[PDB]
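Undergrad: Sharing upload14.txt (compact mmCIF, N, CA and C atoms) below.
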# COMPACT_ATOMS: atom_id res chain seq x y z
N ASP A 135 9.74 14.83 -4.98
CA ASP A 135 11.16 15.13 -4.97
C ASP A 135 11.99 13.87 -4.76
N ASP A 136 11.31 12.79 -4.37
CA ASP A 136 11.99 11.53 -4.11
C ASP A 136 12.33 10.84 -5.42
N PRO A 137 13.60 10.52 -5.68
CA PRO A 137 13.92 9.72 -6.87
C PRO A 137 13.29 8.34 -6.85
N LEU A 138 13.03 7.79 -5.66
CA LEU A 138 12.33 6.51 -5.58
C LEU A 138 10.93 6.61 -6.16
N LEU A 139 10.20 7.68 -5.83
CA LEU A 139 8.86 7.86 -6.38
C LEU A 139 8.90 8.05 -7.89
N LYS A 140 9.88 8.81 -8.39
CA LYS A 140 10.01 8.99 -9.83
C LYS A 140 10.29 7.66 -10.52
N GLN B 503 5.91 -16.40 -6.86
CA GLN B 503 7.16 -16.59 -7.60
C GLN B 503 7.88 -15.26 -7.80
N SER B 504 7.13 -14.19 -8.06
CA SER B 504 7.73 -12.87 -8.20
C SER B 504 8.39 -12.42 -6.90
N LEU B 505 7.72 -12.64 -5.77
CA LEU B 505 8.31 -12.28 -4.48
C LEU B 505 9.55 -13.12 -4.19
N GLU B 506 9.52 -14.40 -4.57
CA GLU B 506 10.70 -15.25 -4.40
C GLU B 506 11.86 -14.75 -5.25
N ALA B 507 11.58 -14.36 -6.49
CA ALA B 507 12.62 -13.84 -7.38
C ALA B 507 13.08 -12.45 -6.98
N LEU B 508 12.31 -11.75 -6.14
CA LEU B 508 12.71 -10.42 -5.69
C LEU B 508 14.06 -10.45 -4.97
N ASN B 509 14.43 -11.59 -4.39
CA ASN B 509 15.72 -11.69 -3.72
C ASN B 509 16.88 -11.52 -4.69
N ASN B 510 16.65 -11.76 -5.98
CA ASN B 510 17.68 -11.64 -7.00
C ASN B 510 17.71 -10.27 -7.67
N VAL B 511 16.87 -9.34 -7.23
CA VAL B 511 16.78 -8.03 -7.87
C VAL B 511 18.00 -7.19 -7.50
N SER B 512 18.43 -6.34 -8.43
CA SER B 512 19.52 -5.42 -8.15
C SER B 512 19.14 -4.48 -7.02
N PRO B 513 20.08 -4.11 -6.15
CA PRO B 513 19.73 -3.28 -4.98
C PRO B 513 19.13 -1.93 -5.33
N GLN B 514 19.52 -1.34 -6.47
CA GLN B 514 19.03 -0.01 -6.82
C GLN B 514 17.52 0.00 -7.01
N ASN B 515 17.01 -0.95 -7.80
CA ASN B 515 15.57 -1.05 -8.04
C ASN B 515 14.87 -1.97 -7.04
N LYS B 516 15.61 -2.54 -6.09
CA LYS B 516 15.03 -3.52 -5.18
C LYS B 516 13.93 -2.90 -4.32
N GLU B 517 14.17 -1.70 -3.80
CA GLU B 517 13.17 -1.05 -2.95
C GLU B 517 11.89 -0.76 -3.73
N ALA B 518 12.02 -0.20 -4.93
CA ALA B 518 10.85 0.13 -5.73
C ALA B 518 10.07 -1.12 -6.12
N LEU B 519 10.78 -2.17 -6.55
CA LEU B 519 10.08 -3.39 -6.94
C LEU B 519 9.46 -4.10 -5.75
N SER B 520 10.11 -4.03 -4.58
CA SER B 520 9.51 -4.60 -3.37
C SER B 520 8.24 -3.85 -2.99
N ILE B 521 8.26 -2.52 -3.10
CA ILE B 521 7.05 -1.74 -2.82
C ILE B 521 5.94 -2.11 -3.78
N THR B 522 6.27 -2.23 -5.07
CA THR B 522 5.26 -2.59 -6.06
C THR B 522 4.68 -3.98 -5.80
N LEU B 523 5.55 -4.96 -5.51
CA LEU B 523 5.08 -6.32 -5.27
C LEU B 523 4.25 -6.40 -3.99
N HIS B 524 4.65 -5.67 -2.95
CA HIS B 524 3.86 -5.65 -1.72
C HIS B 524 2.50 -5.00 -1.95
N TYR B 525 2.46 -3.94 -2.78
CA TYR B 525 1.18 -3.34 -3.12
C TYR B 525 0.29 -4.32 -3.88
N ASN B 526 0.87 -5.06 -4.82
CA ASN B 526 0.09 -6.06 -5.56
C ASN B 526 -0.42 -7.16 -4.63
N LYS B 527 0.43 -7.64 -3.72
CA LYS B 527 0.00 -8.65 -2.76
C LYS B 527 -1.09 -8.12 -1.85
N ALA B 528 -0.99 -6.85 -1.45
CA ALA B 528 -2.04 -6.24 -0.64
C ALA B 528 -3.34 -6.13 -1.42
N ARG B 529 -3.28 -5.85 -2.72
CA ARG B 529 -4.49 -5.86 -3.54
C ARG B 529 -5.11 -7.25 -3.59
N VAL B 530 -4.28 -8.28 -3.78
CA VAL B 530 -4.80 -9.65 -3.80
C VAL B 530 -5.43 -10.01 -2.46
N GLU B 531 -4.81 -9.57 -1.36
CA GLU B 531 -5.40 -9.79 -0.04
C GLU B 531 -6.73 -9.06 0.09
N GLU B 532 -6.78 -7.80 -0.34
CA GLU B 532 -8.02 -7.04 -0.28
C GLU B 532 -9.13 -7.75 -1.04
N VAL B 533 -8.77 -8.43 -2.13
CA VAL B 533 -9.73 -9.32 -2.79
C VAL B 533 -10.09 -10.49 -1.87
N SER B 534 -9.08 -11.08 -1.23
CA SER B 534 -9.32 -12.25 -0.38
C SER B 534 -9.74 -11.85 1.04
N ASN B 535 -8.87 -11.16 1.77
CA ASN B 535 -9.11 -10.81 3.16
C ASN B 535 -8.60 -9.40 3.41
N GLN B 536 -9.49 -8.51 3.85
CA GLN B 536 -9.13 -7.10 3.99
C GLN B 536 -8.14 -6.84 5.13
N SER B 537 -8.06 -7.73 6.12
CA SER B 537 -7.19 -7.47 7.27
C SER B 537 -5.72 -7.47 6.87
N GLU B 538 -5.29 -8.51 6.14
CA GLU B 538 -3.90 -8.55 5.68
C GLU B 538 -3.62 -7.43 4.69
N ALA B 539 -4.62 -7.06 3.89
CA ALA B 539 -4.46 -5.93 2.99
C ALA B 539 -4.18 -4.65 3.76
N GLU B 540 -4.93 -4.41 4.83
CA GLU B 540 -4.71 -3.22 5.64
C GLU B 540 -3.36 -3.27 6.36
N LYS B 541 -2.96 -4.46 6.81
CA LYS B 541 -1.65 -4.61 7.44
C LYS B 541 -0.53 -4.25 6.47
N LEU B 542 -0.57 -4.82 5.26
CA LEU B 542 0.45 -4.49 4.26
C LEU B 542 0.35 -3.03 3.82
N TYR B 543 -0.86 -2.46 3.84
CA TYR B 543 -1.02 -1.05 3.53
C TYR B 543 -0.28 -0.19 4.55
N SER B 544 -0.43 -0.52 5.84
CA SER B 544 0.31 0.20 6.88
C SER B 544 1.81 -0.01 6.71
N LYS B 545 2.22 -1.24 6.39
CA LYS B 545 3.64 -1.53 6.19
C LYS B 545 4.23 -0.66 5.09
N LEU B 546 3.54 -0.58 3.95
CA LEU B 546 4.04 0.21 2.83
C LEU B 546 3.96 1.71 3.12
N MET B 547 2.91 2.15 3.82
CA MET B 547 2.79 3.56 4.16
C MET B 547 3.93 4.00 5.08
N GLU B 548 4.29 3.16 6.04
CA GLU B 548 5.50 3.43 6.82
C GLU B 548 6.74 3.37 5.94
N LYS B 549 6.78 2.42 5.01
CA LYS B 549 7.92 2.31 4.10
C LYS B 549 7.99 3.50 3.16
N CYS B 550 6.85 3.94 2.62
CA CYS B 550 6.82 5.03 1.65
C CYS B 550 5.53 5.82 1.84
N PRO B 551 5.55 6.84 2.71
CA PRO B 551 4.34 7.65 2.92
C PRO B 551 3.90 8.43 1.69
N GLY B 552 4.80 8.68 0.74
CA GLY B 552 4.47 9.51 -0.41
C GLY B 552 3.53 8.85 -1.41
N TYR B 553 3.42 7.53 -1.38
CA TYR B 553 2.57 6.83 -2.33
C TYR B 553 1.10 7.15 -2.05
N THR B 554 0.33 7.32 -3.12
CA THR B 554 -1.06 7.76 -3.03
C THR B 554 -2.05 6.60 -3.08
N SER B 555 -1.84 5.65 -3.98
CA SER B 555 -2.79 4.55 -4.14
C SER B 555 -2.91 3.73 -2.86
N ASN B 556 -1.78 3.49 -2.18
CA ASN B 556 -1.82 2.79 -0.91
C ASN B 556 -2.68 3.53 0.10
N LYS B 557 -2.44 4.84 0.25
CA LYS B 557 -3.23 5.63 1.19
C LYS B 557 -4.69 5.68 0.78
N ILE B 558 -4.96 5.81 -0.52
CA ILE B 558 -6.34 5.86 -1.00
C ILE B 558 -7.07 4.57 -0.64
N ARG B 559 -6.45 3.42 -0.93
CA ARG B 559 -7.09 2.15 -0.63
C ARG B 559 -7.25 1.94 0.87
N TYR B 560 -6.25 2.32 1.66
CA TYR B 560 -6.33 2.14 3.11
C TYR B 560 -7.45 2.99 3.70
N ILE B 561 -7.54 4.26 3.29
CA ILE B 561 -8.59 5.13 3.79
C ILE B 561 -9.96 4.66 3.30
N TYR B 562 -10.02 4.13 2.07
CA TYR B 562 -11.27 3.60 1.55
C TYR B 562 -11.75 2.40 2.36
N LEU B 563 -10.83 1.49 2.70
CA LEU B 563 -11.19 0.35 3.54
C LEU B 563 -11.62 0.81 4.93
N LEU B 564 -10.93 1.81 5.48
CA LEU B 564 -11.33 2.34 6.78
C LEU B 564 -12.73 2.95 6.72
N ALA B 565 -13.02 3.70 5.65
CA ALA B 565 -14.34 4.29 5.49
C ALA B 565 -15.41 3.21 5.35
N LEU B 566 -15.10 2.13 4.64
CA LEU B 566 -16.03 1.00 4.58
C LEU B 566 -16.26 0.42 5.96
N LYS B 567 -15.20 0.27 6.75
CA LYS B 567 -15.34 -0.29 8.09
C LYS B 567 -15.98 0.71 9.05
N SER B 568 -15.67 2.00 8.90
CA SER B 568 -16.17 3.03 9.80
C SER B 568 -17.43 3.72 9.28
N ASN B 569 -17.99 3.27 8.16
CA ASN B 569 -19.20 3.86 7.58
C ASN B 569 -19.02 5.36 7.32
N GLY B 570 -17.86 5.73 6.79
CA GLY B 570 -17.59 7.12 6.47
C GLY B 570 -17.51 8.03 7.68
N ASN B 571 -16.86 7.56 8.74
CA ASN B 571 -16.64 8.36 9.94
C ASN B 571 -15.23 8.94 10.01
N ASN B 572 -14.47 8.84 8.92
CA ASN B 572 -13.11 9.37 8.85
C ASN B 572 -13.01 10.47 7.79
N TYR B 573 -13.99 11.37 7.78
CA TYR B 573 -13.98 12.48 6.83
C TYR B 573 -12.74 13.35 6.99
N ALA B 574 -12.23 13.46 8.22
CA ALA B 574 -11.00 14.22 8.44
C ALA B 574 -9.83 13.60 7.68
N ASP B 575 -9.74 12.27 7.67
CA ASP B 575 -8.67 11.60 6.93
C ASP B 575 -8.79 11.87 5.44
N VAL B 576 -10.02 11.83 4.90
CA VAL B 576 -10.22 12.09 3.48
C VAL B 576 -9.84 13.52 3.14
N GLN B 577 -10.24 14.48 3.98
CA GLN B 577 -9.87 15.87 3.74
C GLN B 577 -8.36 16.06 3.80
N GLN B 578 -7.70 15.42 4.77
CA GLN B 578 -6.24 15.52 4.86
C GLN B 578 -5.57 14.93 3.63
N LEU B 579 -6.06 13.78 3.15
CA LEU B 579 -5.50 13.18 1.95
C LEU B 579 -5.71 14.08 0.74
N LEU B 580 -6.88 14.72 0.64
CA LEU B 580 -7.11 15.67 -0.44
C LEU B 580 -6.14 16.84 -0.36
Here is a file; write its structure as structure tokens.
TA:
Amino acid sequence: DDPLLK
Amino acid sequence: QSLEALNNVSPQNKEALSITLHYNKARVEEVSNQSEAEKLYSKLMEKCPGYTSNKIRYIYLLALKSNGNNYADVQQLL
């Protein structure tokens, strides 16, 4: 759910 | 040189690129010296617990050091 991970 | 140029990175992608570069440096350390690799692994895990490769490598190094005495950690990661 993290945009950083995406 | 990449880490030096990281200071010029845009703030939006700065965190992601810093995490990637620290992971690469930790891999190079794991090739050279496992202690600094584990230190940077802990640093990145605190920085980003959601990453999997960092946790996988850290638990793998621990299992190498502990002769597979951290089965609970492997099960938790699974």
Undergrad: Tell me as number ranges by chain which residues belonging to chain A come within 9 Å of chain B, counting only C-alpha atoms.
TA: A: 136, 138-139
Undergrad: DSSP on the backbone, then: every residue of chain B marked alpha helix (DSSP H), written as a PyMOL selection string.
TA: chain B and resi 504-507+513-534+536-549+554-568+573-579
Undergrad: I'd like the interatomic distance between atom CA of residue 535 of chain B and atom CA of residue 564 of chain B, to a tenth of an Å.
TA: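 Interatomic distance here is 13.8 Å.
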Undergrad: Smallest atom-to-atom distance to residue 522 of chain B: which of B:556, B:534, B:562, B:575, using only C-alpha atoms?
TA: B:556
Undergrad: Atom CA of residue 523 of chain B and atom C of residue 503 of chain B, how far apart in Å?
TA: 9.7 Å
Undergrad: Which residue out of B:580, B:554, B:563, B:508 has the minimum interatomic distance to residue 536 of chain B when all atoms listed in the file are used?
TA: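 Closest residue, counting all atoms listed in the file: B:563.
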Undergrad: Which distance in Å separates atom CA of residue 524 of chain B and atom CA of residue 573 of chain B, to one decimal?
TA: 26.8 Å
